[PDB]
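S.K.:
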Amino acid sequence: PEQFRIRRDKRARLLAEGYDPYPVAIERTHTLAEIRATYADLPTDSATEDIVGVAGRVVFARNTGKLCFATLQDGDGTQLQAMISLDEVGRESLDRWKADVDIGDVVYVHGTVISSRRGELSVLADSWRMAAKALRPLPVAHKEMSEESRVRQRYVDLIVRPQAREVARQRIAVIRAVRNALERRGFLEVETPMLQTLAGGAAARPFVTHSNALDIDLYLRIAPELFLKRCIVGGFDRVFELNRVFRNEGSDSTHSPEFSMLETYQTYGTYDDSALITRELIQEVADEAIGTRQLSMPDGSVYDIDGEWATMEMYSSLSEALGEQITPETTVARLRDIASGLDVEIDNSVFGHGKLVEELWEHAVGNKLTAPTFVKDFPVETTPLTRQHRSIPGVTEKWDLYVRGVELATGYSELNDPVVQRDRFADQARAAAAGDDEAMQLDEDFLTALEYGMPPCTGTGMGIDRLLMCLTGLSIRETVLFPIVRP
Ligand SMILES: C[C@H]1CCC[C@H](C[C@H]2Cc3cc(O)cc(O)c3C(=O)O2)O1
Ligand SMILES: N[C@@H](CCCC[NH3+])C(=O)O
Numbered sequence: 009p010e011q012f013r014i015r016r017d018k019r020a021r022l023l024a025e026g027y028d029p030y031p032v033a034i035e036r037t038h039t040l041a042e043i044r045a046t047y048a049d050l051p052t053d054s055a056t057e058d059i060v061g062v063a064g065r066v067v068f069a070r071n072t073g074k075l076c077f078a079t080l081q082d083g084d085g086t087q088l089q090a091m092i093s094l095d096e097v098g099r100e101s102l103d104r105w106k107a108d109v110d111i112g113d114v115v116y117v118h119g120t121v122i123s124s125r126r127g128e129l130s131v132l133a134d135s136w137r138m139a140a141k142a143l144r145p146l147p148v149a150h151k152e153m154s155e156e157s158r159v160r161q162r163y164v165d166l167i168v169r170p171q172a173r174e175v176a177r178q179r180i181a182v183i184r185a186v187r188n189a190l191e192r193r194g195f196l197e198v199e200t201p202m203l204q205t206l207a208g209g210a211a212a213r214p215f216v217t218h219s220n221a222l223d224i225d226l227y228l229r230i231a232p233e234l235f236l237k238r239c240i241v242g243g244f245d246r247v248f249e250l251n252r253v254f255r256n257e258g259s260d261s262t263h264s265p266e267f268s269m270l271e272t273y274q275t276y277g278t279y280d281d282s283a284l285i286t287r288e289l290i291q292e293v294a295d296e297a298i299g300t301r302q303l304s305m306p307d308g309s310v311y312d313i314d315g316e317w318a319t320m321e322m323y324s325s326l327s328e329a330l331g332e333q334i335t336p337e338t339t340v341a342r343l344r345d346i347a348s349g350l351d352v353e354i355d356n357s358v359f360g361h362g363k364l365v366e367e368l369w370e371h372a373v374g375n376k377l378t379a380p381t382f383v384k385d386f387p388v389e390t391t392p393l394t395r396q397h398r399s400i401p402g403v404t405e406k407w408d409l410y411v412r413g414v415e416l417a418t419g420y421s422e423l424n425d426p427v428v429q430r431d432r433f434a435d436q437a438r439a440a441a442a443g444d445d446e447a448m449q450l451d452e453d454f455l456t457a458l459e460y461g462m463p464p465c466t467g468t469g470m471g472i473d474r475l476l477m478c479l480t481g482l483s484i485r486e487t488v489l490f491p492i493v494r495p
């Protein structure tokens with residue numbers, strides 16, 4: 009702040025002396041990574057006759073009599089030494105280096121490539137220019153930034169913390185690997201709308217906004233599911249969308265109101281076929297983007313995601329954990345007595361057979377899972393868009409995938425019968441009459457699309473930020489460049 013005034017004074021002084029502190033048209037001949045790669049076998053204390061013009065952020069500096077040193081860091085983190093010698097740039101230019109250049113400044117250095125006496129790959133400057141005067145100093149070390157500071161100023165965090173650049177790179181690589189795995193399998197990527205006149209496809213409160221052009225309220229999508237199914241009616245055979253959804257709910261280490269998700273749809277497959285593809289995709293993504301299926305976690309542990317994953321049924325695994333047979337016919341009263349006997353808090357929101365079964369399963373089974381696990385065959389009350397089971401009464405052909413304790417993905421045999429789907433919406437209407445404001449509202453145009461005939465298909469959904477959390481052990485806020493902060 010005292011430091012801010014000083015740097016601002018320098019900026020103005022340069023502009024008034026004719027030395028442009030934010031010049032345009034600087035040509036950079038090599039990145040620093042290019043210099044380090046080309047000259048990796050340069051002998052110590054030797055010089056070349058190759059002239060280069062590099063640019064980079066000054067992150068370290070040393071001053072002596074006729075010779076100043078500075079460590080430049082390119083945007084990717086690669087570092088190279090710049091040497092400002094009296095006998096090379098001249099009295100007038102060297103003095104300007106000492107008085108004008110500060111830590112954090114972006115500078116351009118033109119000179120010849122050498123290796124210093126200490127074996128440091130360097131550019132021996134014959135000239136230099138300010139490229140971008142910095143008015144604020146960098147933190148002395150990334151340890152000095154709180155976690156909230158990293159989120160509020162990711163642009164500083166990327167400069168000073170190598171792990172921040174590495175997570176950003178992993179995110180980009182994971183998403184590219186996801187698309188590669190789906191392209192190998194013949195899936196096509198489409199765009200469906202983000203502003204919707206009715207937001208369905210999941211159970212969540214929407215963000216609401218007023219349209220000036222249409223003169224009505226619109227909703228940000230909570231899922232692309234109902235529009236991807238219209239694509240299936242229209243003839244897309246294998247289709248996906250990897251992009252943002254928006255849910256107007258709470259924030260914690262596994263939930264962000266704005267997040268990235270993948271949804272896939274495949275005709276003439278069931279939830280058994282999408283469980284197989286989802287496992288292989290995750291494992292291929294690990295290979296391509298992380299380099300291993302034995303995942304290093306931040307606490308030093310190794311998490312094995314290789315091989316085939318366990319599968320279990322919700323009702324039967326719950327029954328085993330409790331020592332009592334739970335079925336679709338178990339009463340709401342019985343389920344509440346079981347919960348209270350296990351000291352399970354049941355929010356005044358959670359009611360109905362289906363929600364009570366899921367709650368008990370999460371407490372007695374789900375929270376105790378370590379290895380990657382599919383749980384399948386869900387209560388029909390909580391799965392309005394899922395086809396009923398081909399042979400077992402009262403359940404639907406859905407699975408959830410848990411990896412490292414995180415709910416990562418889900419897959420359905422899709423409900424394509426338009427009459428039954430209309431019945432499912434009526435059951436949601438009764439739930440919403442009982443006070444559930446997450447219940448789905450009936451979408452008449454979606455039903456109209458089903459009434460033209462949707463081929464049988466299987467769909468999946470996967471949280472992309474959650475995928476990265478599972479691969480790295482990070483929380484959802486560490487995997488996004490710019491998570492939302494209250495101003
Ligand atoms: C697209 C779906 C399919 C099932 C797994 C996963 C659940 C999903 C829930 C969810 C809800 C929410 O309000 C905020 C969030 O960040 C997430 C999330 O990351 O993941 O993503
Ligand atoms: N729409 C689902 C993901 C796809 C479900 C399978 N059709 C969700 O948001 O949870």
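Under the entry's author numbering, the first residue of the sequence shown is numbered 9, with each subsequent residue one higher. We put the beta carbon where it would ideally sit given N, CA and C, even for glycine.
Return helix, strand or coil for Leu289, following the three-state DSSP convention.
M.R.: Here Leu289 sits in helix by DSSP.
S.K.: Could you check the C-alpha separation between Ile334 and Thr390 for me, to the nearest Å?
M.R.: 16 Å
S.K.: Is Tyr410 close to ligand 2? I mean its beta-carbon at under 8 Å from any heavy atom of the ligand.
M.R.: no
S.K.: Can at least three beta-carbon pairs, one atom from the region 30-37 and one from the region 70-81, be found at a separation below 8 Å?
M.R.: At 8 Å Cβ cutoff, the stretches do not touch.
S.K.: Select from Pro387, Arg15, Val383 and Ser483 the residue whose C-alpha is nearest the C-alpha of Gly360.
M.R.: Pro387
S.K.: Does the distance between the C-beta of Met269 and the nearest non-hydrogen atom of ligand 2 fall short of 8 Å?
M.R.: yes
S.K.: Determine, using beta carbons only, whether residue 496 and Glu422 come nearer to each other than 9 Å.
M.R.: A query on residue 496 cannot be resolved here, the shown segment of the chain reaching from 9 to 495 and no further.
S.K.: Hey, quick one: how far does the beta strand (DSSP E) through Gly362 stretch, first residue to last?
M.R.: Segment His361 to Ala372 is the alpha helix (DSSP H) holding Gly362; no beta strand (DSSP E) there.
S.K.: Relative to the C-alpha of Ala48, which candidate in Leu489, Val121 and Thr378 has its C-alpha closest?
M.R.: Out of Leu489, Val121 and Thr378, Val121 has the C-alpha closest to the C-alpha of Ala48.
S.K.: For the alpha helix (DSSP H) containing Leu482, list its first residue and its last residue.
M.R.: Per DSSP, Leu482 belongs to no alpha helix (DSSP H) and is neither H nor E.
S.K.: Give a yes or no on contact between the region 431-447 and the region 217-234, applying the rule of three or more CB pairs nearer than 8 Å.
M.R.: no
S.K.: Taking 9 Å as the threshold (C-beta atoms), are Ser268 and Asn256 in contact?
M.R.: At the C-beta level, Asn256 and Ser268 stay beyond 9 Å of one another.
S.K.: In this structure, what does DSSP give as the bridge partners for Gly61?
M.R.: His118
S.K.: Under a Cβ-count criterion, where at least 16 other Cβ atoms within 10 Å of its own Cβ denotes burial, should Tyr30 be classed as buried or exposed?
M.R.: exposed
S.K.: To which residues of the same chain is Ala457 closer than 6 Å at the C-beta, ignoring the five residues directly before and after it?
M.R.: Annotation for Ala457: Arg238 and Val241 place their beta carbon closer than 6 Å to its own, counting only its chain and skipping 5 residues before and after.
S.K.: As a quick exercise: from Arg193, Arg213 and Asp260, pick the residue whose alpha carbon is nearest that of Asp245.
M.R.: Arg193
S.K.: By the DSSP assignment, the alpha helix (DSSP H) with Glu155 in it spans what residues?
M.R.: Looking at the DSSP string, the run of the alpha helix (DSSP H) that includes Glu155 is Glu155 to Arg160.
S.K.: Which residues does DSSP list as the beta-bridge partners of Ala55?
M.R.: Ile122
S.K.: What's the call for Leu350, buried or exposed, on a 16-neighbour Cβ count within 10 Å?
M.R.: The residue is exposed, with fewer than 16 neighbouring Cβ atoms inside 10 Å.
S.K.: Where does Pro387 sit, in a helix, a strand or coil, going by DSSP?
M.R.: strand
S.K.: For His263, does the three-state DSSP call read helix, strand or coil?
M.R.: Three-state result, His263: strand.
S.K.: Please state whether DSSP places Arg430 in a helix, a strand or coil.
M.R.: In the structure shown, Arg430 sits in a helix (DSSP, three-state: H, G or I).
S.K.: Give me the residue from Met91, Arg65 and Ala283 with the minimum Cα distance to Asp82.
M.R.: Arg65
S.K.: Using a 10 Å radius around the Cβ and a threshold of 16 neighbouring Cβ atoms, would you call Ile92 buried or exposed?
M.R.: buried
S.K.: How many angstroms separate the CA atom of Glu156 from the CA atom of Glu486?
M.R.: 10 Å
S.K.: Kindly give me the distance between the Cβ atoms of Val182 and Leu489, rounded to whole angstroms, as I take these residues to be in contact under 8 Å.
M.R.: Actually they are not in contact, since the Cβ atoms of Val182 and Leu489 sit about 14 Å apart, beyond 8 Å.
S.K.: So, are the CB atoms of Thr286 and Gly419 less than 9 Å apart?
M.R.: yes
S.K.: Please classify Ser54 as buried or exposed, where buried requires at least 16 other C-beta atoms within 10 Å of its C-beta.
M.R.: Of the residues assessed, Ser54 falls on the exposed side of the cut-off, its CB having fewer than 16 other CB atoms within 10 angstroms.
S.K.: Restricting to Cα atoms, I'd like to know which of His263, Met322, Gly402 and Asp110 is closest to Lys384.
M.R.: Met322
S.K.: Distance check for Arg395 and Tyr273, CA to CA, integer angstroms please.
M.R.: 14 Å
S.K.: Measure the Cβ-Cβ separation of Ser261 and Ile484 and say whether it is below 9 Å.
M.R.: yes
S.K.: Helix or strand or just coil, what does DSSP make of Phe215?
M.R.: In the three-state reduction of the DSSP assignment, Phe215 falls in the coil class.
S.K.: Are the CB atoms of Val365 and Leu343 nearer to each other than 9 Å?
M.R.: yes
S.K.: Between which two residues does the beta strand (DSSP E) holding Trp136 run?
M.R.: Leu129 to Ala140
S.K.: Rounded C-beta distance between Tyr116 and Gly61? I'm assuming under 8 Å.
M.R.: 7 Å
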